[PDB]
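**Student:** fold the stuff below for me.
(4 chains, ligands or ions: 6)
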Amino acid sequence: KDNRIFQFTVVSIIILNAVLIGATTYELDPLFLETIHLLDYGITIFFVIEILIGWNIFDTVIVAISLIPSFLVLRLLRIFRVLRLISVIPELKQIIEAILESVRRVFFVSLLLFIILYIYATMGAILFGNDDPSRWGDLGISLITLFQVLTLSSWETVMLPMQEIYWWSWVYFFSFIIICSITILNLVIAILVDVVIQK
Amino acid sequence: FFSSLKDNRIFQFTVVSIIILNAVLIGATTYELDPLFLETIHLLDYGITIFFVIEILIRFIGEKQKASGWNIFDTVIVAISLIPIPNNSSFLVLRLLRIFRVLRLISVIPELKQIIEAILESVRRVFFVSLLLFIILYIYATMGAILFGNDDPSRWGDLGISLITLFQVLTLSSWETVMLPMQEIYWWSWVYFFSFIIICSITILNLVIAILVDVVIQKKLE
Amino acid sequence: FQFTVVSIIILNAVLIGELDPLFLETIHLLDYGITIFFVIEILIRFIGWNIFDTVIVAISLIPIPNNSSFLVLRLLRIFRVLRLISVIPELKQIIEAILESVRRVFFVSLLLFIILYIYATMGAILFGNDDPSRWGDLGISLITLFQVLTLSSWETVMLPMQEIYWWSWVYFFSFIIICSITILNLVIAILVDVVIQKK
Amino acid sequence: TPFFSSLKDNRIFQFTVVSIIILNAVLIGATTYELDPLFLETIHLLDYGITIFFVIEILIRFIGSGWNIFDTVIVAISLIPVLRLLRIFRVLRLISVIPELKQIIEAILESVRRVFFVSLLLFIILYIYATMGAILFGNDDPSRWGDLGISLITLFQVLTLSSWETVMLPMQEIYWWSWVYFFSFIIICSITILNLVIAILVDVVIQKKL
Ligand SMILES: CCCCCCCCCO[C@@H]1O[C@H](CO)[C@@H](O)[C@H](O)[C@H]1O
Ligand SMILES: CCCCCCCCCO[C@@H]1O[C@H](CO)[C@@H](O)[C@H](O)[C@H]1O
Ligand SMILES: CCCCCCCCCO[C@@H]1O[C@H](CO)[C@@H](O)[C@H](O)[C@H]1O
Ligand SMILES: CCCCCCCCCO[C@@H]1O[C@H](CO)[C@@H](O)[C@H](O)[C@H]1O
Ligand SMILES: [Ca+2]
Ligand SMILES: [Ca+2]
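**Tutor:** Residues are numbered from 1 along each chain as shown, chains lettered A, B, ... in the order given. Ligands and ions are numbered 1, 2, ... in the order given. I have put the structure below:
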């Protein structure tokens, strides 16, 4: 089953058949397409067998849906047909299991992030509530905003408008940024440690 | 009966969920939702904090000598999250209680306290590197408020906005809009901005490495 | 003691933006003398990287279009600047390190791809008709989600869909969260293969 | 004469001395019209008292290496009343106060060799690219691809992921394959950088633990 090459030109086929669809085809060497689809099929076959004889549940649910040759049912089929890539390249499996063990830790630290944001978004909706309501109006948007500021995406747009109405403006944001910036750091480290010990 | 349930992953997940939903659903932003469902979620949440008050009066009757920074944290977070009970409340002290109500999450999950102790530890390093960043910012924000001051006082008018500007640049946020105007005057503009970014980058980097090795010494390899 | 040479090559590579009366030209002809002792040094060795030092040093050996062509002028400048790797050896290291990372990176990229296909679909279906400029087809759904993936001013992508569709954030936020965790794993995967050599 | 060679080393006297440098560093001086005149005046006086104190310290420990040179040259400059760049030097006596900034600056200077090298590599990538796009998008959008200078500056902005769609998108609607140019560029840079971070890490643990 394995072999690196094969699997690479197989990633190649799966992908190219996942990305053809379909508006970008108003013209092109249709024997080329015949062959890409044929091959694509030959693959759903390849593992549809190896299966014969936890991740096998997934393997066969996938391969089964990828077996089938509507507007949404179509797009789903596109999605599972591309999922069979995982069955194929078996390092992707070990990797997915790695993520999954990252999930507990990430879920905790994430709860922390939620605490931090809720605080800053309450203090924020209360502070910036009526001066710029599009971001601090209610608590939900307050959080969506603080979440933009967390990821440092054009955050000066949120802050400066408040900085010319309230001198202490940066203290709010920088502290916020800095505090979030710190705990992510411990998330990372924690996973590292948990990834090493677990060995 | 009670000493047992605080250790269940499914209970902690549903409870955490209820706490969050209870702290986020509010208040005229739901001026239309299944009032039956919110009624249920609130009634529950309060039920939960009842369940904590119980658990802790227990751990208390327990210490054979009735006399853990937690104990204080915990019973204050809970006493405060208990009786007061706010909602869509106009100003202004309850608005803030909502915050301790959500702080209960730490009471509901051990690894939260452990993670927090871990962070408080990372604070020494983060603070000294924060001094070094201050120095760098001050050097660049001064060269800057001197060089760029009469050209764009929007961002280099005084020392203060020069620093805010460079903090905006440190995080790489739309920094092309801070520099790119200086480039169409002073051709050296690039040297200034790039050097400051590279330097801040190197220092933040060495910080991360610092902390990483501190934790790493504090466990494995050996 | 190398530095100087880096200086001549680098300099004579970024020099067109009205100075150095004719010292510009000393740097010219002199930056040309550099290649020749590699055209020679390379001969001096006999009885892998040489397929690179040879092709580069050699394409650096070719002269240059007068008041003419300009076609292959620029390609030539690229090779002339590529000699830097031939002379600096620590760069040959760096690059062997990079190419050692290329495999684990290839796999985790396949994975980020699957996430981007699922979200570019989920998302083209949801937002396809409210912002075809970002969501019209797969193509820009993938460019767009990739801009989000790099957190580059991504609140411009999401905030429109947040006026129309209350849940927008669940879509975008999970998209980011998922991506983050997976990228995270990779680093810690790589930053363990390398220490593996050490023990 | 132990008083000094034994006072630069008090946690609390330190944080005091930083608070004061910093203050008499952030205050100076877009605002002194109203604020307790006696108070800012005081702040300058004791700030100066501080540097006088450091001068006495050195002499005193002297009487009984890079950091004595940087410490001597800085406390030396700080003693003075092209030159607006005076006040800058003084802020640097913080590093003379706080052993920790000394240790951290030392470790950063260890970072430099590898960083210079990787920056070479990234210079080479940015060059190949800014050249390729200097040709490709020069006649379509030239306030950022019109010459090597702006192609390199512009590719640096892309490289820090800052507002990058604004560079790439307007080329995307002229050329279908741009995504390939920008996306591959970014992936490359990323890979090389990740190899920097790690290399520096390895470096550091190889400075002790095996
Ligand atoms: C990891 C931390 C994640 C925190 C992000 C939570 C954001 C919650 C935003 O709520 C939303 O607020 C909108 C503004 O009114 C409402 O329109 C919408 O109905 C509501 O769902
Ligand atoms: C890495 C740490 C860097 C922290 C940088 C802090 C800089 C704070 C800028 O000061 C502020 O400048 C404004 C400009 O007008 C004033 O309005 C305001 O009163 C003043 O507080
Ligand atoms: C980390 C993996 C992410 C990779 C992202 C894949 C990019 C797919 C974009 O497709 C492009 O869409 C354009 C929009 O129409 C077309 O013009 C163009 O022909 C087509 O090539
Ligand atoms: C990782 C290293 C990559 C950094 C690349 C540096 C780009 C050099 C740009 O030069 C600038 O070009 C402008 C355009 O003409 C001139 O106006 C200006 O005078 C000149 O300084
Ligand atoms: Ca960014
Ligand atoms: Ca040892």
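
**Student:** for ligand 2, what are the nearby residues on chain A?
**Tutor:** A:167, A:170 (CB under 6 Å from any ligand atom). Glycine gets a C-beta too; all of them are placed from N, C-alpha and C.

**Student:** okay, domains of chain A per the record?
**Tutor:** Residue ranges for the domains of chain A, per curated CATH domains: A:1-89, A:90-199.

**Student:** chain neighbours aside, what residue packs nearest to the residue in chain A that ligand 3 sits nearest to?
**Tutor:** Residue nearest to ligand 3 within chain A (CB to the nearest ligand atom): residue A:24, separated by 6.0 Å. In space, residue A:24 comes closest to residue C:139 once its chain neighbours are excluded; the distance is 7.2 Å by CB to CB, 6 or more residues apart in numbering or on different chains.

**Student:** and the helix or strand harbouring the one you found, what does it pack onto?
**Tutor:** In this structure, residue C:139 is located in helix C:138-149 according to DSSP states H and E. Packing partners of helix C:138-149 (3 or more CB pairs under 8 Å, 6 or more residues apart in numbering or on different chains; DSSP states H and E): helix C:89-127, helix C:132-135, helix C:155-164, helix C:168-198, helix D:165-172, helix D:178-206.

**Student:** so how far is residue B:170 from residue A:174?
**Tutor:** Applying CB to CB, to the nearest Å, one obtains 10 Å for the distance of residue A:174 from residue B:170.

**Student:** out of the two, which sits in the more crowded spot?
**Tutor:** Regarding residue A:174 and residue B:170, a neighbour count based on other CB atoms under 10 Å in any protein chain shown identifies residue B:170 as having more, with 22 against 16.

**Student:** so what does the residue of chain A found nearest chain D have for phi and psi?
**Tutor:** Here chain A gets closest to chain D at one residue, residue A:154, 7.4 Å apart by CB to the nearest CB. Dihedral angles of residue A:154 (phi, psi; degrees, to the nearest 10) stand at phi 50, psi 40.

**Student:** which non-adjacent residue is nearest residue A:90?
**Tutor:** Across the structure, with CB to CB, 6+ apart as the measure, the residue nearest residue A:90 apart from its sequence neighbours is residue A:2 (7.6 Å).

**Student:** thought residue A:172 was touching residue A:127?
**Tutor:** Yes - Residue A:172 is in contact with residue A:127 according to CB atoms under 8 Å; the separation is 7.3 Å.

**Student:** who are the contact partners of residue A:143?
**Tutor:** Contacts were defined as CB atoms under 8 Å, 6 or more residues apart in numbering or on different chains; by that measure residue A:143 touches A:117-118, A:121.

**Student:** hang on, I meant residue A:154
**Tutor:** A:148, B:173-174, C:153, C:155, D:163.

**Student:** so who does the residue nearest to residue A:176 when sequence neighbours are not counted touch?
**Tutor:** Closest residue to residue A:176 apart from its sequence neighbours, by CB to CB, 6+ apart: residue A:120 at 5.0 Å. The neighbours of residue A:120, taking CB under 8 Å, 6+ apart as the test, are A:146, A:172, A:176.

**Student:** ends of stretch A:130-150, how far apart?
**Tutor:** Across its full length, stretch A:130-150 reaches 22 Å end to end, with CA to CA, to the nearest Å as the criterion.

**Student:** need the residues of chain A near chain D, please.
**Tutor:** Applying CB under 8 Å from any CB of the partner chain, one finds that chain A approaches chain D through residue A:154.

**Student:** separation between the closest residue to ligand 5 within chain A and ligand 1?
**Tutor:** Using CB to the ion, the single residue of chain A nearest to ligand 5 is residue A:152, 4.9 Å away. Plainly put, residue A:152 is 15 Å away from ligand 1 if you go by CB to the nearest ligand atom, to the nearest Å.

**Student:** wait, that residue sits on residue C:151?
**Tutor:** Yes - between residue A:152 and residue C:151 a contact is recorded at 7.4 Å, counting by CB under 8 Å.

**Student:** Serialize the contacts of residue A:143 to CSV and add fields for distance to ligand 1.
**Tutor:** Converted to CSV, the contacts of residue A:143 look like this (distance: CB to the nearest ligand atom, whole Å):
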residue, distance to ligand 1
A:117, 5
A:118, 8
A:121, 8
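
**Student:** give me the subset of those touching chain C.
**Tutor:** For chain C, no contacts are drawn from the contacts of residue A:143 by CB under 8 Å from any CB.

**Student:** let me know the closest of these to chain B.
**Tutor:** Chain B lies nearest to residue A:118 out of these, by CB to the nearest CB, at 5.3 Å.

**Student:** which residues does the nearest residue to residue A:67 once chain neighbours are set aside contact?
**Tutor:** Excluding its sequence neighbours, the residue lying closest to residue A:67 (CB to CB, 6+ apart) is residue A:44, at 5.6 Å. Residue A:44 sits next to A:63, A:66-67, A:81, A:84 when contact means CB under 8 Å, 6+ apart.

**Student:** ok, now with 10 Å
**Tutor:** Contacts for residue A:44 were tallied using CB atoms under 10 Å, 6 or more residues apart in numbering or on different chains; they are A:14, A:62-68, A:80-81, A:84, A:87.

**Student:** and for residue A:179?
**Tutor:** Contact partners of residue A:179, counting by CB under 10 Å, 6+ apart, are A:112-113, A:116, A:119-120, A:150, B:119, B:126.

**Student:** again, 8 Å this time
**Tutor:** residue A:116.

**Student:** span of stretch A:125-133 from start to end?
**Tutor:** End-to-end span of stretch A:125-133 (CA to CA): 8 Å.

**Student:** that stretch vs chain B: in contact?
**Tutor:** Yes - for stretch A:125-133, a contact with chain B is found by CB under 8 Å from any CB, at residue A:126.

**Student:** how about the residues of chain A that lie near ligand 1?
**Tutor:** Proximity of chain A to ligand 1 is confined to A:110, A:113-114, A:117, A:138, A:140-141, A:143-144, A:147 under the rule CB under 6 Å from any ligand atom.

**Student:** ok, which pair from those is furthest apart?
**Tutor:** Spatially, the most separated pair among the residues of chain A next to ligand 1 is A:110 and A:138, at 22.3 Å (CB to CB).

**Student:** in space, what's closest to the closest residue to ligand 4 within chain A - neighbours in sequence excluded?
**Tutor:** Going by CB to the nearest ligand atom, ligand 4 is nearest to residue A:152 of chain A, at 21.2 Å. Across the structure, with CB to CB, 6+ apart as the measure, the residue nearest residue A:152 apart from its sequence neighbours is residue B:171 (4.4 Å).

**Student:** hmm, the helix holding residue C:139 in reach of ligand 3?
**Tutor:** Yes - contact between helix C:138-149 and ligand 3, assessed by CB under 6 Å from any ligand atom, occurs at C:139-140, C:142-143, C:146.

**Student:** gap between that helix and the chain center?
**Tutor:** 19 Å (CA atoms, centre = their mean, to the nearest Å).

**Student:** over to stretch A:66-77?
**Tutor:** Distance, stretch centre to chain centre, for stretch A:66-77: 22 Å (CA atoms, centre = their mean).

**Student:** could you do stretch A:58-76 as well?
**Tutor:** Taking CA atoms, centre = their mean, one finds the center of stretch A:58-76 at 21 Å from the center of the full chain.
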